[PDB]
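Here is the file target_22.cif (mmCIF, N, CA and C atoms and all ligand atoms).
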```cif
data_work
#
loop_
_atom_site.label_atom_id
_atom_site.label_comp_id
_atom_site.auth_asym_id
_atom_site.auth_seq_id
_atom_site.Cartn_x
_atom_site.Cartn_y
_atom_site.Cartn_z
N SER A 7 -2.15 -9.34 -4.77
CA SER A 7 -0.70 -9.02 -5.02
C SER A 7 -0.56 -7.65 -5.69
N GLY A 8 0.67 -7.15 -5.78
CA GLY A 8 0.97 -5.92 -6.54
C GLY A 8 2.00 -5.07 -5.84
N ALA A 9 2.69 -4.22 -6.60
CA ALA A 9 3.81 -3.41 -6.09
C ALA A 9 3.87 -2.06 -6.82
N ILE A 10 4.55 -1.09 -6.21
CA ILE A 10 4.98 0.19 -6.84
C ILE A 10 6.47 0.10 -7.16
N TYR A 11 6.84 0.53 -8.37
CA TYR A 11 8.25 0.59 -8.83
C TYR A 11 8.60 2.03 -9.15
N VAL A 12 9.31 2.69 -8.25
CA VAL A 12 9.78 4.09 -8.41
C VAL A 12 11.29 4.06 -8.20
N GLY A 13 12.02 4.65 -9.14
CA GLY A 13 13.49 4.68 -9.12
C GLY A 13 14.02 3.26 -8.98
N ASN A 14 14.94 3.03 -8.05
CA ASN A 14 15.45 1.67 -7.75
C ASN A 14 14.79 1.15 -6.46
N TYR A 15 13.48 1.37 -6.32
CA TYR A 15 12.67 0.91 -5.17
C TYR A 15 11.48 0.09 -5.65
N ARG A 16 11.21 -0.95 -4.88
CA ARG A 16 9.98 -1.74 -5.00
C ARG A 16 9.21 -1.54 -3.69
N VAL A 17 7.98 -1.04 -3.76
CA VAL A 17 7.10 -0.95 -2.56
C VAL A 17 6.04 -2.04 -2.63
N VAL A 18 5.93 -2.83 -1.57
CA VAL A 18 4.96 -3.96 -1.49
C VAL A 18 4.29 -3.95 -0.11
N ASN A 19 3.20 -4.70 0.04
CA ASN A 19 2.64 -5.03 1.37
C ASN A 19 3.72 -5.81 2.11
N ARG A 20 3.99 -5.43 3.36
CA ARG A 20 4.99 -6.10 4.23
C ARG A 20 4.62 -7.58 4.39
N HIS A 21 3.33 -7.92 4.50
CA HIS A 21 2.87 -9.33 4.66
C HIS A 21 3.05 -10.15 3.38
N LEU A 22 3.28 -9.51 2.23
CA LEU A 22 3.41 -10.22 0.93
C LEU A 22 4.86 -10.17 0.46
N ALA A 23 5.72 -9.47 1.18
CA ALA A 23 7.13 -9.31 0.80
C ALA A 23 7.79 -10.70 0.70
N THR A 24 8.54 -10.95 -0.38
CA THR A 24 9.25 -12.23 -0.70
C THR A 24 10.61 -12.27 0.00
N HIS A 25 11.25 -13.44 -0.05
CA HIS A 25 12.66 -13.66 0.38
C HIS A 25 13.54 -12.58 -0.24
N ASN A 26 13.37 -12.35 -1.55
CA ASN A 26 14.18 -11.38 -2.33
C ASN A 26 13.92 -9.96 -1.81
N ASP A 27 12.66 -9.62 -1.54
CA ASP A 27 12.32 -8.33 -0.89
C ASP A 27 13.14 -8.16 0.40
N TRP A 28 13.16 -9.17 1.26
CA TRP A 28 13.85 -9.08 2.57
C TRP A 28 15.37 -9.15 2.39
N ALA A 29 15.87 -9.92 1.42
CA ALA A 29 17.32 -9.94 1.09
C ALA A 29 17.81 -8.52 0.74
N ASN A 30 16.93 -7.70 0.15
CA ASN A 30 17.27 -6.37 -0.42
C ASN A 30 16.46 -5.31 0.31
N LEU A 31 16.15 -5.53 1.59
CA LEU A 31 15.39 -4.60 2.47
C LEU A 31 16.03 -3.22 2.46
N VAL A 32 15.23 -2.19 2.20
CA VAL A 32 15.60 -0.76 2.35
C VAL A 32 14.93 -0.26 3.62
N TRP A 33 13.63 -0.52 3.75
CA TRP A 33 12.83 0.05 4.86
C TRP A 33 11.59 -0.79 5.07
N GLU A 34 11.19 -0.99 6.32
CA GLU A 34 9.88 -1.62 6.60
C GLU A 34 9.27 -0.97 7.84
N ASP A 35 7.94 -0.97 7.87
CA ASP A 35 7.14 -0.48 9.01
C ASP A 35 6.00 -1.46 9.22
N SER A 36 6.11 -2.29 10.27
CA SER A 36 5.11 -3.31 10.68
C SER A 36 3.75 -2.66 10.99
N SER A 37 3.75 -1.43 11.53
CA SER A 37 2.52 -0.69 11.89
C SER A 37 1.83 -0.17 10.63
N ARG A 38 2.54 0.01 9.50
CA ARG A 38 1.99 0.52 8.21
C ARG A 38 1.76 -0.58 7.16
N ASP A 39 2.19 -1.83 7.42
CA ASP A 39 2.17 -2.95 6.44
C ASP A 39 2.92 -2.55 5.17
N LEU A 40 3.99 -1.74 5.25
CA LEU A 40 4.83 -1.38 4.07
C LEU A 40 6.25 -1.95 4.24
N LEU A 41 6.83 -2.35 3.11
CA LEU A 41 8.23 -2.76 2.95
C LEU A 41 8.71 -2.21 1.61
N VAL A 42 9.87 -1.60 1.63
CA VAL A 42 10.57 -1.16 0.40
C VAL A 42 11.83 -2.01 0.27
N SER A 43 12.00 -2.61 -0.89
CA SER A 43 13.23 -3.34 -1.28
C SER A 43 13.85 -2.63 -2.49
N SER A 44 15.15 -2.86 -2.68
CA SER A 44 15.98 -2.27 -3.74
C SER A 44 15.85 -3.13 -4.99
N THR A 45 15.94 -2.51 -6.15
CA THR A 45 15.78 -3.16 -7.47
C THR A 45 17.00 -2.77 -8.29
N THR A 46 17.36 -3.56 -9.28
CA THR A 46 18.48 -3.24 -10.20
C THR A 46 17.89 -2.42 -11.36
N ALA A 47 16.72 -2.81 -11.86
CA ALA A 47 16.02 -2.13 -12.98
C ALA A 47 15.28 -0.89 -12.47
N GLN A 48 15.54 0.26 -13.09
CA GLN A 48 14.89 1.56 -12.79
C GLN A 48 13.36 1.46 -12.99
N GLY A 49 12.57 1.81 -11.97
CA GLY A 49 11.09 1.88 -12.05
C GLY A 49 10.61 3.19 -12.66
N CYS A 50 9.42 3.21 -13.26
CA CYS A 50 8.87 4.38 -14.01
C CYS A 50 7.61 4.97 -13.34
N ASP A 51 7.13 4.44 -12.20
CA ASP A 51 5.98 4.99 -11.42
C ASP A 51 6.37 6.35 -10.82
N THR A 52 5.39 7.26 -10.71
CA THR A 52 5.49 8.55 -9.99
C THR A 52 4.62 8.46 -8.72
N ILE A 53 5.17 8.85 -7.58
CA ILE A 53 4.43 8.92 -6.29
C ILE A 53 3.69 10.27 -6.23
N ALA A 54 2.42 10.25 -5.88
CA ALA A 54 1.59 11.46 -5.68
C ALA A 54 2.23 12.26 -4.55
N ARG A 55 2.38 13.56 -4.76
CA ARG A 55 2.77 14.51 -3.70
C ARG A 55 1.67 15.56 -3.64
N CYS A 56 0.72 15.36 -2.72
CA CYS A 56 -0.61 16.02 -2.69
C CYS A 56 -1.34 15.61 -1.41
N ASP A 57 -2.52 16.17 -1.14
CA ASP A 57 -3.46 15.55 -0.17
C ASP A 57 -4.83 15.30 -0.84
N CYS A 58 -4.84 14.81 -2.08
CA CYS A 58 -6.08 14.32 -2.72
C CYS A 58 -6.81 13.40 -1.74
N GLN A 59 -8.13 13.46 -1.74
CA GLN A 59 -9.00 12.51 -1.02
C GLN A 59 -9.95 11.83 -2.01
N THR A 60 -9.63 11.91 -3.29
CA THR A 60 -10.31 11.17 -4.39
C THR A 60 -9.26 10.55 -5.32
N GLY A 61 -9.62 9.41 -5.92
CA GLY A 61 -8.74 8.65 -6.81
C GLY A 61 -9.43 7.38 -7.29
N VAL A 62 -8.64 6.48 -7.86
CA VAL A 62 -9.08 5.22 -8.50
C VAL A 62 -8.18 4.12 -7.97
N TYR A 63 -8.74 2.98 -7.57
CA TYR A 63 -7.91 1.83 -7.13
C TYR A 63 -8.26 0.63 -7.99
N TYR A 64 -7.29 -0.26 -8.14
CA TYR A 64 -7.51 -1.51 -8.88
C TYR A 64 -7.96 -2.56 -7.88
N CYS A 65 -9.03 -3.28 -8.22
CA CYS A 65 -9.64 -4.34 -7.39
C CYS A 65 -9.53 -5.65 -8.18
N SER A 66 -8.50 -6.45 -7.90
CA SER A 66 -8.17 -7.70 -8.64
C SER A 66 -9.36 -8.66 -8.51
N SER A 67 -10.03 -8.69 -7.36
CA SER A 67 -11.20 -9.56 -7.11
C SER A 67 -12.48 -9.18 -7.91
N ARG A 68 -12.43 -8.09 -8.68
CA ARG A 68 -13.53 -7.66 -9.58
C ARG A 68 -12.95 -7.34 -10.96
N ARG A 69 -11.65 -7.57 -11.13
CA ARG A 69 -10.88 -7.13 -12.32
C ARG A 69 -11.45 -5.79 -12.80
N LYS A 70 -11.44 -4.78 -11.92
CA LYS A 70 -12.07 -3.46 -12.15
C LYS A 70 -11.33 -2.39 -11.34
N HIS A 71 -11.28 -1.16 -11.87
CA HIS A 71 -10.76 0.02 -11.16
C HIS A 71 -12.02 0.70 -10.63
N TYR A 72 -12.00 1.18 -9.39
CA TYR A 72 -13.15 1.92 -8.82
C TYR A 72 -12.68 3.32 -8.44
N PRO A 73 -13.49 4.34 -8.80
CA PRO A 73 -13.27 5.69 -8.30
C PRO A 73 -13.78 5.73 -6.85
N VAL A 74 -13.01 6.34 -5.95
CA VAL A 74 -13.36 6.36 -4.51
C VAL A 74 -13.00 7.70 -3.87
N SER A 75 -13.75 8.07 -2.85
CA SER A 75 -13.37 9.10 -1.86
C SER A 75 -12.69 8.36 -0.73
N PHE A 76 -11.61 8.88 -0.16
CA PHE A 76 -10.92 8.17 0.94
C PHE A 76 -10.48 9.15 2.03
N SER A 77 -10.37 8.64 3.24
CA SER A 77 -10.00 9.41 4.45
C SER A 77 -8.53 9.80 4.40
N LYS A 78 -8.14 10.75 5.22
CA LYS A 78 -6.71 11.11 5.32
C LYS A 78 -5.99 10.02 6.11
N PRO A 79 -4.72 9.74 5.80
CA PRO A 79 -3.97 8.71 6.51
C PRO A 79 -4.08 8.95 8.02
N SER A 80 -4.43 7.90 8.76
CA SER A 80 -4.70 7.95 10.21
C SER A 80 -4.31 6.63 10.85
N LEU A 81 -4.33 6.60 12.18
CA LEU A 81 -4.23 5.35 12.98
C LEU A 81 -5.64 4.77 13.09
N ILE A 82 -5.81 3.51 12.68
CA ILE A 82 -7.13 2.82 12.62
C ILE A 82 -6.95 1.39 13.14
N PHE A 83 -7.91 0.91 13.93
CA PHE A 83 -8.00 -0.50 14.39
C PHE A 83 -8.71 -1.35 13.33
N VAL A 84 -8.02 -2.39 12.82
CA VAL A 84 -8.50 -3.29 11.73
C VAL A 84 -8.93 -4.63 12.34
N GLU A 85 -10.21 -5.00 12.16
CA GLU A 85 -10.82 -6.23 12.74
C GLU A 85 -10.49 -7.43 11.85
N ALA A 86 -10.48 -8.63 12.45
CA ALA A 86 -10.07 -9.92 11.83
C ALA A 86 -8.62 -9.80 11.32
N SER A 87 -8.06 -10.90 10.81
CA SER A 87 -6.65 -10.95 10.33
C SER A 87 -6.42 -12.18 9.44
N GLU A 88 -5.62 -13.14 9.90
CA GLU A 88 -4.95 -14.20 9.09
C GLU A 88 -3.92 -14.90 9.98
N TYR A 89 -2.64 -14.51 9.87
CA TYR A 89 -1.51 -14.97 10.71
C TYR A 89 -0.94 -13.74 11.45
N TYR A 90 -1.77 -12.69 11.56
CA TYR A 90 -1.43 -11.37 12.16
C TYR A 90 -2.47 -11.00 13.22
N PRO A 91 -2.15 -10.08 14.15
CA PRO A 91 -2.99 -9.82 15.32
C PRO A 91 -4.02 -8.69 15.15
N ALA A 92 -5.14 -8.95 14.46
CA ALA A 92 -6.28 -8.03 14.22
C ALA A 92 -6.18 -6.81 15.15
N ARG A 93 -5.56 -5.71 14.67
CA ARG A 93 -5.03 -4.61 15.52
C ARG A 93 -4.93 -3.30 14.73
N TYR A 94 -4.17 -2.35 15.29
CA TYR A 94 -3.93 -0.97 14.78
C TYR A 94 -3.04 -0.99 13.53
N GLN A 95 -3.29 -0.02 12.63
CA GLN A 95 -2.40 0.30 11.49
C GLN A 95 -2.35 1.81 11.31
N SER A 96 -1.15 2.36 11.20
CA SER A 96 -0.91 3.81 10.98
C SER A 96 -0.90 4.13 9.47
N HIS A 97 -1.06 5.41 9.13
CA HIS A 97 -0.96 5.96 7.75
C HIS A 97 -1.96 5.22 6.84
N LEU A 98 -3.10 4.83 7.40
CA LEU A 98 -4.13 4.06 6.67
C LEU A 98 -5.29 4.98 6.25
N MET A 99 -5.74 4.82 5.01
CA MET A 99 -6.87 5.57 4.40
C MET A 99 -8.01 4.58 4.07
N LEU A 100 -9.24 4.87 4.52
CA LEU A 100 -10.42 4.02 4.20
C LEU A 100 -11.24 4.69 3.09
N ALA A 101 -11.85 3.86 2.25
CA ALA A 101 -12.96 4.20 1.36
C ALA A 101 -14.03 3.10 1.48
N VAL A 102 -15.23 3.43 1.01
CA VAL A 102 -16.36 2.48 0.81
C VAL A 102 -16.05 1.77 -0.51
N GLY A 103 -15.80 0.47 -0.41
CA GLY A 103 -15.50 -0.31 -1.61
C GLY A 103 -15.13 -1.73 -1.24
N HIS A 104 -14.95 -2.53 -2.27
CA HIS A 104 -14.68 -3.98 -2.16
C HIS A 104 -13.19 -4.21 -2.09
N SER A 105 -12.82 -5.07 -1.14
CA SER A 105 -11.45 -5.48 -0.80
C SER A 105 -11.49 -6.91 -0.22
N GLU A 106 -10.82 -7.85 -0.87
CA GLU A 106 -10.49 -9.18 -0.30
C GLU A 106 -8.99 -9.24 -0.07
N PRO A 107 -8.50 -10.18 0.78
CA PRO A 107 -7.07 -10.29 1.11
C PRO A 107 -6.11 -10.23 -0.09
N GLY A 108 -6.46 -10.95 -1.15
CA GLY A 108 -5.69 -11.00 -2.40
C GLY A 108 -5.74 -9.71 -3.20
N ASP A 109 -6.62 -8.76 -2.87
CA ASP A 109 -6.65 -7.42 -3.49
C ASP A 109 -5.48 -6.56 -2.97
N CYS A 110 -4.80 -6.99 -1.91
CA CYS A 110 -3.68 -6.20 -1.32
C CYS A 110 -2.66 -5.97 -2.43
N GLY A 111 -2.11 -4.75 -2.55
CA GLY A 111 -1.10 -4.43 -3.56
C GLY A 111 -1.73 -3.79 -4.77
N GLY A 112 -3.05 -3.79 -4.84
CA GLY A 112 -3.78 -2.95 -5.80
C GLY A 112 -3.45 -1.50 -5.56
N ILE A 113 -3.12 -0.76 -6.62
CA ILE A 113 -2.71 0.66 -6.49
C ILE A 113 -3.92 1.58 -6.49
N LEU A 114 -3.83 2.56 -5.59
CA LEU A 114 -4.72 3.74 -5.55
C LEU A 114 -3.96 4.92 -6.17
N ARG A 115 -4.56 5.59 -7.14
CA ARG A 115 -3.90 6.72 -7.81
C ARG A 115 -4.88 7.89 -8.01
N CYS A 116 -4.34 9.10 -7.94
CA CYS A 116 -5.00 10.37 -8.31
C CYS A 116 -4.29 10.93 -9.55
N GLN A 117 -4.59 12.16 -10.00
CA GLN A 117 -3.98 12.75 -11.23
C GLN A 117 -2.48 13.04 -11.01
N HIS A 118 -2.04 13.07 -9.74
CA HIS A 118 -0.65 13.36 -9.31
C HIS A 118 0.22 12.09 -9.25
N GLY A 119 -0.42 10.92 -9.28
CA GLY A 119 0.24 9.61 -9.36
C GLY A 119 -0.20 8.64 -8.28
N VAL A 120 0.74 7.81 -7.80
CA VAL A 120 0.45 6.70 -6.87
C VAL A 120 0.22 7.30 -5.50
N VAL A 121 -0.92 6.95 -4.89
CA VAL A 121 -1.28 7.42 -3.53
C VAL A 121 -0.86 6.35 -2.52
N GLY A 122 -1.18 5.10 -2.81
CA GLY A 122 -1.08 4.03 -1.82
C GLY A 122 -1.39 2.69 -2.45
N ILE A 123 -1.37 1.65 -1.64
CA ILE A 123 -1.74 0.28 -2.06
C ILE A 123 -2.77 -0.30 -1.09
N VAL A 124 -3.66 -1.13 -1.63
CA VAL A 124 -4.67 -1.86 -0.83
C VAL A 124 -3.93 -2.66 0.24
N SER A 125 -4.43 -2.60 1.47
CA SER A 125 -3.81 -3.23 2.66
C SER A 125 -4.84 -3.90 3.57
N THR A 126 -6.07 -3.38 3.61
CA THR A 126 -7.15 -3.89 4.50
C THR A 126 -8.47 -3.90 3.75
N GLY A 127 -9.43 -4.62 4.31
CA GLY A 127 -10.77 -4.75 3.73
C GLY A 127 -11.71 -5.34 4.75
N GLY A 128 -12.99 -5.44 4.39
CA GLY A 128 -14.07 -6.01 5.20
C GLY A 128 -15.10 -4.97 5.55
N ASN A 129 -16.35 -5.40 5.73
CA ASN A 129 -17.51 -4.57 6.18
C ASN A 129 -17.89 -3.59 5.06
N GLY A 130 -17.44 -3.83 3.82
CA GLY A 130 -17.66 -2.93 2.68
C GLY A 130 -16.73 -1.70 2.70
N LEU A 131 -15.58 -1.80 3.36
CA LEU A 131 -14.50 -0.78 3.36
C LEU A 131 -13.26 -1.39 2.72
N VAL A 132 -12.47 -0.52 2.10
CA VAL A 132 -11.14 -0.87 1.57
C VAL A 132 -10.17 0.07 2.27
N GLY A 133 -9.11 -0.49 2.85
CA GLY A 133 -8.01 0.29 3.45
C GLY A 133 -6.82 0.36 2.52
N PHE A 134 -6.25 1.55 2.40
CA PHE A 134 -5.04 1.83 1.60
C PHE A 134 -3.94 2.37 2.51
N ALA A 135 -2.77 1.75 2.44
CA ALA A 135 -1.52 2.24 3.06
C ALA A 135 -0.98 3.37 2.17
N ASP A 136 -1.03 4.58 2.69
CA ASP A 136 -0.44 5.78 2.07
C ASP A 136 1.08 5.61 1.94
N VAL A 137 1.63 6.05 0.81
CA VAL A 137 3.09 6.15 0.52
C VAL A 137 3.51 7.60 0.20
N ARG A 138 2.60 8.58 0.21
CA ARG A 138 2.90 9.95 -0.30
C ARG A 138 3.85 10.72 0.66
N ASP A 139 3.91 10.33 1.94
CA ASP A 139 4.80 10.96 2.96
C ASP A 139 6.24 10.44 2.81
N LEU A 140 6.46 9.37 2.04
CA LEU A 140 7.80 8.77 1.85
C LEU A 140 8.47 9.51 0.70
N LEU A 141 8.96 10.71 0.99
CA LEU A 141 9.54 11.62 -0.01
C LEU A 141 10.84 11.03 -0.58
N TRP A 142 11.57 10.20 0.18
CA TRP A 142 12.87 9.65 -0.28
C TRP A 142 12.68 8.68 -1.43
N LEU A 143 11.46 8.20 -1.69
CA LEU A 143 11.19 7.27 -2.82
C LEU A 143 11.54 7.91 -4.18
N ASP A 144 11.61 9.25 -4.31
CA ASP A 144 12.03 9.95 -5.57
C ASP A 144 13.37 10.68 -5.42
N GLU A 145 14.45 9.97 -5.07
CA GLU A 145 15.86 10.47 -5.19
C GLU A 145 16.85 9.37 -4.78
N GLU A 146 17.93 9.21 -5.57
CA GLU A 146 18.95 8.12 -5.53
C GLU A 146 18.38 6.88 -4.82
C1 LIG B 201 8.85 -13.97 4.50
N1 LIG B 201 10.30 -13.96 4.73
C2 LIG B 201 10.90 -13.44 5.95
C3 LIG B 201 12.40 -13.50 5.66
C4 LIG B 201 12.50 -13.70 4.15
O1 LIG B 201 13.57 -14.55 3.72
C5 LIG B 201 14.85 -14.31 4.17
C6 LIG B 201 15.33 -15.04 5.25
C7 LIG B 201 16.66 -14.92 5.61
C8 LIG B 201 17.50 -14.07 4.92
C9 LIG B 201 16.98 -13.37 3.87
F1 LIG B 201 17.82 -12.59 3.15
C10 LIG B 201 15.67 -13.44 3.47
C11 LIG B 201 11.19 -14.40 3.84
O2 LIG B 201 10.98 -15.21 2.97
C1 LIG B 202 -2.39 -8.31 7.94
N1 LIG B 202 -3.46 -8.55 6.98
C2 LIG B 202 -3.22 -9.25 5.73
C3 LIG B 202 -4.38 -8.79 4.85
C4 LIG B 202 -5.35 -8.03 5.77
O1 LIG B 202 -6.65 -8.65 5.76
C5 LIG B 202 -7.55 -8.30 4.77
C6 LIG B 202 -8.84 -8.78 4.93
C7 LIG B 202 -9.81 -8.47 3.98
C8 LIG B 202 -9.48 -7.70 2.87
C9 LIG B 202 -8.20 -7.25 2.76
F1 LIG B 202 -7.86 -6.52 1.66
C10 LIG B 202 -7.21 -7.52 3.67
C11 LIG B 202 -4.72 -8.13 7.15
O2 LIG B 202 -5.24 -7.86 8.22
ZN ZN B 203 -3.25 13.86 -5.80
#
```
For this file, write the structure as structure tokens.
Ligand SMILES: CN1CC[C@@H](Oc2cccc(F)c2)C1=O
Ligand SMILES: CN1CC[C@@H](Oc2cccc(F)c2)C1=O
Ligand SMILES: [Zn+2]
Amino acid sequence: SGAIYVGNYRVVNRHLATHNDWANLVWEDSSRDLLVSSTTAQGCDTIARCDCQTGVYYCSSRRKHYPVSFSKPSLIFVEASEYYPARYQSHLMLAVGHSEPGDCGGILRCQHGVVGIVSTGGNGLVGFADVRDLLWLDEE
């Protein structure tokens, strides 16, 4: 689990989004596993505006933050699934690291702020859904 809170926005994994997330839908992308919902309480997170390829992510399944090198956001085919069709995901960044399904929503951050959230895992890779291209997350 886990979310980003910037301004009056909540960013979550689309597969983990609640009834309340969908009641207050701002934006979703099924190909990116991202959903943004509206919040009443102002969030204090800063979104990274950069092309860092290094940072730290939280891994709930190890209760540990790991420093990682990661790929630039790309279209990638993700093997295995759940209740979803083991398929393509856009704006996805891979690193070598530990990721289980419940690690989704773990934040990846550089010195500039929030880069993305854990979205995929397996084979000793962790996938992160990039949010840095969503410039509208920092205004009204
Ligand atoms: C996982 N999902 C998908 C829809 C969402 O709940 C809803 C359903 C209808 C109206 C609404 F405002 C929200 C939910 O729980
Ligand atoms: C659509 N979904 C839901 C979670 C993801 O599966 C995983 C599998 C392993 C690690 C991980 F972090 C995520 C997926 O394919
Ligand atoms: Zn950065």
Pick out the residues no farther than 10 Å from ligand ZN 203 (chain B), counting only C-alpha atoms and all ligand atoms, and list them as a PDB file with N, CA and C atoms, keeping the file's coordinate frame.
```pdb
ATOM      1  N   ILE A  53       5.170   8.850  -7.580  1.00  0.00           N
ATOM      2  CA  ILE A  53       4.430   8.920  -6.290  1.00  0.00           C
ATOM      3  C   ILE A  53       3.690  10.270  -6.230  1.00  0.00           C
ATOM      4  N   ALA A  54       2.420  10.250  -5.880  1.00  0.00           N
ATOM      5  CA  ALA A  54       1.590  11.460  -5.680  1.00  0.00           C
ATOM      6  C   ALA A  54       2.230  12.260  -4.550  1.00  0.00           C
ATOM      7  N   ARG A  55       2.380  13.560  -4.760  1.00  0.00           N
ATOM      8  CA  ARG A  55       2.770  14.510  -3.700  1.00  0.00           C
ATOM      9  C   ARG A  55       1.670  15.560  -3.640  1.00  0.00           C
ATOM     10  N   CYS A  56       0.720  15.360  -2.720  1.00  0.00           N
ATOM     11  CA  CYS A  56      -0.610  16.020  -2.690  1.00  0.00           C
ATOM     12  C   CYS A  56      -1.340  15.610  -1.410  1.00  0.00           C
ATOM     13  N   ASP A  57      -2.520  16.170  -1.140  1.00  0.00           N
ATOM     14  CA  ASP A  57      -3.460  15.550  -0.170  1.00  0.00           C
ATOM     15  C   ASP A  57      -4.830  15.300  -0.840  1.00  0.00           C
ATOM     16  N   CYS A  58      -4.840  14.810  -2.080  1.00  0.00           N
ATOM     17  CA  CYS A  58      -6.080  14.320  -2.720  1.00  0.00           C
ATOM     18  C   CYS A  58      -6.810  13.400  -1.740  1.00  0.00           C
ATOM     19  N   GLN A  59      -8.130  13.460  -1.740  1.00  0.00           N
ATOM     20  CA  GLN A  59      -9.000  12.510  -1.020  1.00  0.00           C
ATOM     21  C   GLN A  59      -9.950  11.830  -2.010  1.00  0.00           C
ATOM     22  N   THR A  60      -9.630  11.910  -3.290  1.00  0.00           N
ATOM     23  CA  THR A  60     -10.310  11.170  -4.390  1.00  0.00           C
ATOM     24  C   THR A  60      -9.260  10.550  -5.320  1.00  0.00           C
ATOM     25  N   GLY A  61      -9.620   9.410  -5.920  1.00  0.00           N
ATOM     26  CA  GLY A  61      -8.740   8.650  -6.810  1.00  0.00           C
ATOM     27  C   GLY A  61      -9.430   7.380  -7.290  1.00  0.00           C
ATOM     28  N   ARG A 115      -4.560   5.590  -7.140  1.00  0.00           N
ATOM     29  CA  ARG A 115      -3.900   6.720  -7.810  1.00  0.00           C
ATOM     30  C   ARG A 115      -4.880   7.890  -8.010  1.00  0.00           C
ATOM     31  N   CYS A 116      -4.340   9.100  -7.940  1.00  0.00           N
ATOM     32  CA  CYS A 116      -5.000  10.370  -8.310  1.00  0.00           C
ATOM     33  C   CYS A 116      -4.290  10.930  -9.550  1.00  0.00           C
ATOM     34  N   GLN A 117      -4.590  12.160 -10.000  1.00  0.00           N
ATOM     35  CA  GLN A 117      -3.980  12.750 -11.230  1.00  0.00           C
ATOM     36  C   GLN A 117      -2.480  13.040 -11.010  1.00  0.00           C
ATOM     37  N   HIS A 118      -2.040  13.070  -9.740  1.00  0.00           N
ATOM     38  CA  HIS A 118      -0.650  13.360  -9.310  1.00  0.00           C
ATOM     39  C   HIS A 118       0.220  12.090  -9.250  1.00  0.00           C
ATOM     40  N   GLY A 119      -0.420  10.920  -9.280  1.00  0.00           N
ATOM     41  CA  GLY A 119       0.240   9.610  -9.360  1.00  0.00           C
ATOM     42  C   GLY A 119      -0.200   8.640  -8.280  1.00  0.00           C
ATOM     43  N   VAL A 120       0.740   7.810  -7.800  1.00  0.00           N
ATOM     44  CA  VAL A 120       0.450   6.700  -6.870  1.00  0.00           C
ATOM     45  C   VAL A 120       0.220   7.300  -5.500  1.00  0.00           C
ATOM     46  N   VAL A 121      -0.920   6.950  -4.890  1.00  0.00           N
ATOM     47  CA  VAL A 121      -1.280   7.420  -3.530  1.00  0.00           C
ATOM     48  C   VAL A 121      -0.860   6.350  -2.520  1.00  0.00           C
ATOM     49  N   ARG A 138       2.600   8.580   0.210  1.00  0.00           N
ATOM     50  CA  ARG A 138       2.900   9.950  -0.300  1.00  0.00           C
ATOM     51  C   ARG A 138       3.850  10.720   0.660  1.00  0.00           C
TER      52      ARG A 138
END
```
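Of note, atom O2 of ligand LIG 202 (chain B) and CA of residue 64 in chain A are spaced 18.4 Å apart.
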Residues within 8 Å of ligand LIG 201 (chain B) should be enumerated using only C-alpha atoms and all ligand atoms and returned as a list in words.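 Residues satisfying the distance criterion: residues 21, 22, 23, 24, 25, 26, 27, 28, 29 and 30 of chain A.
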Which protein, DNA or RNA residues have an atom within 6 Å of ligand LIG 202 (chain B), counting only N, CA and C atoms and all ligand atoms, as a VMD selection string? chain A and resid 86 to 88 90 105 to 110 124 to 128
Could the residues in this selection be saved with N, CA and C atoms as a short mmCIF file (atom, residue, chain, number, x, y, z; two decimals), in the frame of the given file?
```cif
data_model
loop_
_atom_site.label_atom_id
_atom_site.label_comp_id
_atom_site.auth_asym_id
_atom_site.auth_seq_id
_atom_site.Cartn_x
_atom_site.Cartn_y
_atom_site.Cartn_z
N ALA A 86 -10.48 -8.63 12.45
CA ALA A 86 -10.07 -9.92 11.83
C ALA A 86 -8.62 -9.80 11.32
N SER A 87 -8.06 -10.90 10.81
CA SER A 87 -6.65 -10.95 10.33
C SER A 87 -6.42 -12.18 9.44
N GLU A 88 -5.62 -13.14 9.90
CA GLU A 88 -4.95 -14.20 9.09
C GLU A 88 -3.92 -14.90 9.98
N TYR A 90 -1.77 -12.69 11.56
CA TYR A 90 -1.43 -11.37 12.16
C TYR A 90 -2.47 -11.00 13.22
N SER A 105 -12.82 -5.07 -1.14
CA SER A 105 -11.45 -5.48 -0.80
C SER A 105 -11.49 -6.91 -0.22
N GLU A 106 -10.82 -7.85 -0.87
CA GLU A 106 -10.49 -9.18 -0.30
C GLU A 106 -8.99 -9.24 -0.07
N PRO A 107 -8.50 -10.18 0.78
CA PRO A 107 -7.07 -10.29 1.11
C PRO A 107 -6.11 -10.23 -0.09
N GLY A 108 -6.46 -10.95 -1.15
CA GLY A 108 -5.69 -11.00 -2.40
C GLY A 108 -5.74 -9.71 -3.20
N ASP A 109 -6.62 -8.76 -2.87
CA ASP A 109 -6.65 -7.42 -3.49
C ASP A 109 -5.48 -6.56 -2.97
N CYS A 110 -4.80 -6.99 -1.91
CA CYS A 110 -3.68 -6.20 -1.32
C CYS A 110 -2.66 -5.97 -2.43
N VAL A 124 -3.66 -1.13 -1.63
CA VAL A 124 -4.67 -1.86 -0.83
C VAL A 124 -3.93 -2.66 0.24
N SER A 125 -4.43 -2.60 1.47
CA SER A 125 -3.81 -3.23 2.66
C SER A 125 -4.84 -3.90 3.57
N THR A 126 -6.07 -3.38 3.61
CA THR A 126 -7.15 -3.89 4.50
C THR A 126 -8.47 -3.90 3.75
N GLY A 127 -9.43 -4.62 4.31
CA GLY A 127 -10.77 -4.75 3.73
C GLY A 127 -11.71 -5.34 4.75
N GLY A 128 -12.99 -5.44 4.39
CA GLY A 128 -14.07 -6.01 5.20
C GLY A 128 -15.10 -4.97 5.55
#
```
Assign secondary structure with DSSP using the backbone only, and return the residues of chain A in helix (DSSP H, G or I) as an MDAnalysis selection string. chainID A and resid 20:22 25:29 66:68 107:109 141:144
